[PDB]
């Protein structure tokens, strides 16, 4: 009735991982390494992400590890303990077995996305402090677990409390990875924030937080803390190093030099990222794909996602550099779950039907004549949400190069009787229109995306 998937979890640790601190972690070879062999930060290839459909296989899900994966022995897992302390009436410590036994379990489709997705495009303009991501720093899954809200609810947060700090078990360079989320979001059924212990029917792979993680829909991955150990109800935001010095969109005029040499650019919550911005990405045609000109339709296609559970109302494609726009047909598989009423899946209640929010990505398609693309220099795509907030033409360059959501552009190159298509960049190799434009010497932030007229 709606998408469901569980695959075989991988066994083979790859030679590259055998040589590394994560020597016990079986990882899909198709994932594209972005900080070398370790720590593991990866995205699937864009075509495999799209071709997988609404649900990304666990093994192709993107990984973002700031440091090494903490070793977790399966024969002890159920006793994995999490601490609920802070501005509560009744602090307590709960183990996973007791999470499972005492709280209502749900299973829920959730798009995850990294703050960094589409970062390389920023890097091509001006190299910042972050490693390249392509456009596939997103993956969608079914997550099974309880509601953070219920766990936190049980300790009786005080009236002055505003934030739930989360802290993991891992040990990145600057210590335990930790950040926070707002308390009332935890309490809001529409946001549906979980403590998850399964993903696409399987107990968590180590890269995805085994045994236990927070998953915060409509919010950057950065706030979905893996290998969860502490939850601290508080009146103010986290003071973890990783809350301050990562996952912020600093004002465009702030330079890497200014941010290195002034701590307090990082100490204003106004630049701290929670809810994602609206992104739309073109997947068909693919990077470097060639197609013979004819009188036929080609189905341009992609996906889009948004923040705060706000639905994307329209996706629009221009072949004339944004002078005119064509309305794409959007598909929202989350509505399949919504339409379907209550189900039990992987031992959890499927209750999207209780909500109106869009916690997941969606897919769009638009057929145009190959002959219309023949007369075009590019495909552009943008989305607008139900707040009538649209993606910008202009790039918002920022130090961490996060949340880069300016219109995604695929260049159309005429070659005799065919067309070749270039995406902006490939995640870990050259091969995009941006690579070309750098060789030509174009200013990518000019009004023609750095190209010649």
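Residue numbers count along the first chain shown, from 1.
- The mean Cα B-factor in the deposited entry runs higher for 156 to 164 than for the other of 308 to 316 and 156 to 164.
- Annotation for 197 to 205 versus 116 to 124: the higher mean temperature factor (C-alpha) is found in 197 to 205.
- For residue 139, the recorded CA temperature factor ranks within the lowest third of the chain's modelled residues.
- Among the modelled residues of its chain, residue 66 has a C-alpha B-factor that falls in the middle third according to the deposited record.
- Annotation for residue 275: C-alpha temperature factor in the lowest third relative to the rest of the modelled chain, per the entry.
- Ranked within its chain, residue 283 lands in the middle third, by CA B factor from the PDB record.
- Residue 437 sits in the lowest third of its chain by CA B factor, as recorded in the PDB entry.
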